[PDB]
Amino acid sequence: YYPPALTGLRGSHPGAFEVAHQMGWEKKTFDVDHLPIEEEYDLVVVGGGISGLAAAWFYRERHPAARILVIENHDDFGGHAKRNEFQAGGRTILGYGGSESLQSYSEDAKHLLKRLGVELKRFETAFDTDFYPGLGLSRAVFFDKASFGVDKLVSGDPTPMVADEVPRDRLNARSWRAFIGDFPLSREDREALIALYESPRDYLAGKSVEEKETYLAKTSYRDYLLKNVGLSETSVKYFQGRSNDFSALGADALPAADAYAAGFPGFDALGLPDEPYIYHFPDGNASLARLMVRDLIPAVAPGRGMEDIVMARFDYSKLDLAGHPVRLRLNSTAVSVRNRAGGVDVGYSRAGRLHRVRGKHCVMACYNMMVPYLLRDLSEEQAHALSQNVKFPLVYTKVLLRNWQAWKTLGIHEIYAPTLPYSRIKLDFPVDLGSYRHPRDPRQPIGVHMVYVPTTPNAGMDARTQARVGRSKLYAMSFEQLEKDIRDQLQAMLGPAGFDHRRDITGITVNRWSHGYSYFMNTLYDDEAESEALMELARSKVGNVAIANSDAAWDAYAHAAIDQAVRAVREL
Ligand SMILES: Cc1cc2nc3c(=O)[nH]c(=O)nc-3n(C[C@H](O)[C@H](O)[C@H](O)COP(=O)(O)OP(=O)(O)OC[C@H]3O[C@@H](n4cnc5c(N)ncnc54)[C@H](O)[C@@H]3O)c2cc1C
Ligand code: HEM
């Protein structure tokens with residue numbers, strides 16, 4: 001029993017969500033008040049992600065002898081932080097199923113990393129930052145026939161990005177004029193894009209700095225480019241999907257002020273008033289989850305420290321052993337949380353069967369939108385606040401390739417596709433850590449990472465609706481349909497250099513994050529003071545039940561997941 005080696009439809013896989021959807025969609029309720037209490041703990045944690053795991057860890061630090069149960073509905077621990085594995089040519093090749101890297105922090109977060117043996121500066125040498133640039137490789141843009149008239153792959157992209165692992169002097173980029181000159185657009189559209197970089201103008205002339213800023217927070221980037229810079233509808237399509245990965249929506253939902261702060265073009269002349277993105281374990285932040293699980297339940301794997309975790313062998317049969325004071329219980333959907341007698345009764349469903357356990361304390365570390373269906377003591381106001389945290393769907397696909405000669409031939413290590421389902425397609429980060437060595441030889445297998453976000457661009461939707469509609473679209477897609485999109489797009493982009501998707505793909509893992517990033521405050525649709533009041537109301541302590549998850553901070557980062565766990569534990 002070893003989830004990390006599974007391929008196919010992963011992420012929120014079949015079996016993880018059905019009981020939750022009976023509560024959320026059908027309003028079925030699962031009461032356990034008539035069942036005997038089976039087990040008793042000091043702390044019961046709902047949700048086995050980084051935040052739930054952190055809550056167990058900090059609670060135990062404060063209560064060394066604590067008995068702790070973690071209830072988790074996926075078939076593996078870690079939530080968004082999942083380890084993916086491939087086998088090729090005798091060796092394991094690692095990938096990240098979701099939460100990707102760390103930055104370089106509260107004292108509590110520092111204290112957690114140190115106690116786990118995570119030295120952040122180790123990545124200065126573990127991340128092979130000059131590997132792809134040293135091979136002469138650059139980032140490219142892929143234009144699709146349907147949108148631009150013809151398929152064209154344009155390399156040498158100098159566009160600077162928010163979470164950039166490439167040293168800026170090492171982009172192997174061309175000039176804006178040279179690079180844009182190759183765009184499959186009319187001469188007029190190319191001149192207009194080029195002038196965007198070569199000859200910025202004050203497109204908001206007349207307005208003071210304060211009025212410009214107000215305007216930019218209430219105007220989408222797309223509209224700013226359309227109405228103020230004057231780019232054509234065909235030009236702006238170049239920008240449509242650039243924000244898909246880091247914000248979970250396209251340029252039509254990106255506030256222009258947020259585009260400015262992300263380094264997007266168009267603002268240099270308005271008169272308005274970086275760190276290497278290399279903190280990446282070979283399986284992403286699943287290492288952080290695995291680190292905590294081993295530290296919490298030492299029978300699961302041997303060793304200690306950030307080096308040997310990478311290839312440590314986890315025995316899942318040791319996760320949920322009684323007597324062991326910390327127990328992690330997978331494939332288990334919590335359905336009921338109720339204060340009683342200075343304790344908390346927790347009900348969960350497992351293989352269709354209901355169970356009841358007790359803790360003195362409870363931390364709700366699951367999706368915040370799930371909490372109203374579980375916590376029976378919520379006022380209507382707080383339940384409603386919780387339900388306003390509408391999470392964004394994302395899909396992170398791992399693809400194993402026989403070789404990557406087609407990438408070498410095309411001179412690329414990463415593609416941006418403005419309008420296709422997958423907007424980000426890249427050879428995986430080259431990272432050597434512990435006994436794991438990143439693939440090096442283009443004749444040999446390598447992992448590809450690629451990001452698909454089911455946005456509905458230019459429809460007039462607010463962000464919450466784009467999120468919910470995105471989930472409807474994902475729900476309506478079989479694994480077969482997802483696989484076709486992968487193979488169709490890889491074939492169209494790499495086909496010209498000899499790629500053959502049927503011959504050259506030797507593994508596919510689709511991590512379906514239907515409930516991906518936490519909601520965050522979007523100044524195009526939300527009022528800041530109202531949004532903050534909703535946030536603080538939603539995470540309010542309820543008796544002996546505290547609420548965590550990154551959701552509780554409206555902030556989709558592993559460090560928010562840790563700090564919300566810390567706050568929750570201290571309240572208890
Ligand atoms: C695709 C993607 C990429 C990301 N990349 C990064 C990155 O590079 N850096 C970064 O800092 N952050 C990143 N994140 C943010 C990520 O959400 C956090 O880093 C962290 O993984 C979230 O931890 P969590 O514990 O808050 O939530 P989760 O990981 O979502 O854990 C909550 C868990 O509770 C479970 N649960 C829900 N309902 C129930 C129930 N009724 N009973 C039991 N369990 C339940 C859920 O299924 C889930 O497994 C990324 C997120 C996504 C989706
Ligand atoms: C990949 C699998 C999934 C798909 C395709 C999916 C799809 C959807 C859709 C279309 C909705 C309605 C739109 C919305 O309100 O956001 C929804 C809502 C919801 N989902 Fe999921 N979902 C999945 C997984 C999960 C998981 C893993 C959980 C919890 C563990 C979950 C719990 C819920 C709940 C509770 C709601 C109700 C939201 C509310 O009432 O506020 N779903 N999902």
# chains A, B, ... in the order shown; residues from 1 in each chain; ligands from 1
$ residues_near_ligand --ligand "ligand 2" --cutoff "8 Å" --atoms "only C-alpha atoms and all ligand atoms" --output "number ranges by chain"
A: 11-14, 16-18, 20-21, 23-25, 73-74, 333, 366-367, 369-371, 373, 386-391, 467-476, 512-515
$ residues_near_ligand --ligand "ligand 1" --cutoff "7 Å" --atoms "only C-alpha atoms and all ligand atoms" --output "ChimeraX atom specification"
/A:16,20,46-52,71-74,78-81,98-102,332-335,365-367,370,394-396,513,516-518,549-551,556-559,561
$ closest_residue --among "A:63, A:309, A:34, A:40" --to "residue A:359" --atoms "only C-alpha atoms"
A:40
$ select_by_dssp --residues "stretch 397-464 of chain A" --states "alpha helix (DSSP H)" --output "list in words"
residues 405, 406, 407, 408, 409, 410, 463 and 464 of chain A
$ write_last_selection --atoms "C-alpha atoms" --output "short mmCIF file (atom, residue, chain, number, x, y, z; two decimals), in the first residue's frame"
data_model
loop_
_atom_site.label_atom_id
_atom_site.label_comp_id
_atom_site.auth_asym_id
_atom_site.auth_seq_id
_atom_site.Cartn_x
_atom_site.Cartn_y
_atom_site.Cartn_z
CA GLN A 405 16.05 15.41 -27.38
CA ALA A 406 13.08 17.38 -28.78
CA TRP A 407 13.53 19.95 -26.01
CA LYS A 408 17.28 20.18 -26.69
CA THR A 409 16.67 20.51 -30.41
CA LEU A 410 14.13 23.28 -29.90
CA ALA A 463 -13.36 35.20 -9.26
CA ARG A 464 -15.59 32.98 -7.09
#
$ closest_atom_pairs --of "stretch 265-365 of chain A" --to "stretch 202-217 of chain A" --cutoff "7 Å" --atoms "only C-alpha atoms" --output "Markdown table"
| residue | atom | partner | partner_atom | distance |
| --- | --- | --- | --- | --- |
| A:269 | CA | A:202 | CA | 5.1 |
| A:270 | CA | A:202 | CA | 4.7 |
| A:272 | CA | A:209 | CA | 6.3 |
$ select_by_dssp --residues "stretch 384-478 of chain A" --states "strand (DSSP E or B)" --output "PyMOL selection string"
chain A and resi 394-401+412-416+422-427+431+433+436+446-452
$ residues_around --residues "residue A:567" --least-positions-apart "2" --cutoff "12 Å" --atoms "only C-alpha atoms" --output "PyMOL selection string"
chain A and resi 51+54-55+58-59+106+108-109+363+365+539-541+546-550+552-553+560-565+569-572
$ atom_distance --atom1 "atom CA of residue A:2" --atom2 "atom CA of residue A:127"
27.2 Å
$ closest_residue --among "A:317, A:159, A:506, A:285" --to "residue A:88" --atoms "only C-alpha atoms"
A:506
